[PDB]
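First comes one chain, alone, set out as structure tokens in the form deposited in one PDB entry.
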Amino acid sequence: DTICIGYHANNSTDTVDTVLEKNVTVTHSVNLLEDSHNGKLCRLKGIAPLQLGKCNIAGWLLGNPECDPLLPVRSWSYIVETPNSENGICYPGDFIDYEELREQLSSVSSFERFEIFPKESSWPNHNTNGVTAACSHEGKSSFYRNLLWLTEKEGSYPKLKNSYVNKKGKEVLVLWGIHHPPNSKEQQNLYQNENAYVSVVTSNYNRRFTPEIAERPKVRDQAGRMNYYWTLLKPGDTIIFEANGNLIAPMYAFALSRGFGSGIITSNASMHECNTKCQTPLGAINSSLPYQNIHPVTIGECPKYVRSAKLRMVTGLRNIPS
């Protein structure tokens, strides 16, 4: 009569690494590393993302004609740009503090596009029909949907001075532009002034602009430039524009809402009818594992990104069915 003491064994082929010995076959184990995604752009906690599609932040905010017009009011959980972003700044120039603006939009949860300066009846005694071939829409010459090219009317450019009082109850992003003609001839032909100036002021913003005339290399067949500026108008505050030339006046501004957990990503995937708590540019992650090796860029509630190819923790015993 005998009795024996022994331990469990099975057919498991799971392997783990230890400090003394790599590659140990064990009876039970647990994977801590998430390597699977669905390859889709999904909703984040029920909220659909803001896809810009063919355009980037600059093109979307400025109002590039080639972009498919978005609904007046939008709300999202994160913003998606495509690598195929061709449509942005269509008329050559510098976008001042564009990166900072992107960083500001990174915490924005929704926008309301509204008319801050109504076209017909805002800039009397001035032309508002100016277009360009650099911003071509459907073959013809056009211009930004949110901006307005103020030009001389009937041989004169009177010193205009308009204002707007923010009663939206939220931050109002206002964008405008300053034109820099290649020669003084065009300067006189457009704004009828050689000593023109633009003045934009709020309670905390204050800037003056002076046209710089010089011949420049052709960019999109344009020797002239156009610098773009922006500011965030506080609730209850007033913004004042005063110009006697070279002002690309605002027409549509943005009522912005602040949120948490948002961000801007560059993705190739397309939007599907799914929902997730974690999103990467490669796809969505549905997991409770602490680690993931899919992508460093994550939005929502995700596992920690690591370079590891394998993170398997042994729970069972050394498997010896021999």
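Heads up, when I say rigid core I mean the largest set of C-alphas that superpose within 1.5 Å between the two forms. One rule holds for the numbers: they count along the sequence shown, beginning at 1.
Residue range whose averaged C-alpha B-factor is higher in the record, 65 to 73 or 37 to 45: Comparing 37 to 45 with 65 to 73, the higher mean C-alpha B-factor belongs to 65 to 73.
Between the two ranges 143 to 151 and 227 to 235, the one averaging a larger CA B factor in the entry: Looking at the recorded C-alpha B-factors, 143 to 151 comes out higher on average.
Most elevated Cα B-factor in the entry, residues 95, 176, 111, 157: Most elevated C-alpha B-factor of the set, per the entry: 157.
Can you tell me which of 213, 200, 79, 172 has the highest Cα temperature factor in the record? Among 213, 200, 79, 172, the PDB entry lists the largest C-alpha B-factor for 213.
Using the B-factors in the PDB entry, rank residue 54's C-alpha atom against the chain and give the third, lowest, middle or highest. Top third by C-alpha B-factor.
Ranked against its chain, the third holding the CA B-factor of residue 90: Its C-alpha B-factor belongs to the highest third of this chain's values.
Name the third of the chain's ranked CA B-factors that contains residue 322, choosing lowest, middle or highest. Highest third, going by the recorded CA B-factors of the chain.
Is residue 104 in the lowest, middle or highest third of its chain when residues are ranked by C-alpha B-factor? Residue 104: CA B-factor falls in the lowest third of its chain.
Just so you know, the form deposited in another entry exists too; it's not on screen, but the next bit is about it.
Which of these moves by 2 angstroms or more at the C-alpha between this form and the one not shown, core superposed: 96, 73, 131, 240? So the residue whose C-alpha moves 2 Å or more is 73.
Mind checking the CA-CA distance of residue 166 and residue 72 in the other entry? It differs by 3 Å or more from this form, so is it closer or farther? It is farther: the C-alpha separation of residue 166 and residue 72 rises by at least 3 Å in the other entry.
Cα-Cα shift for residue 85 and residue 71, closer or farther in the other entry, minimum 3 Å: Closer, not farther.
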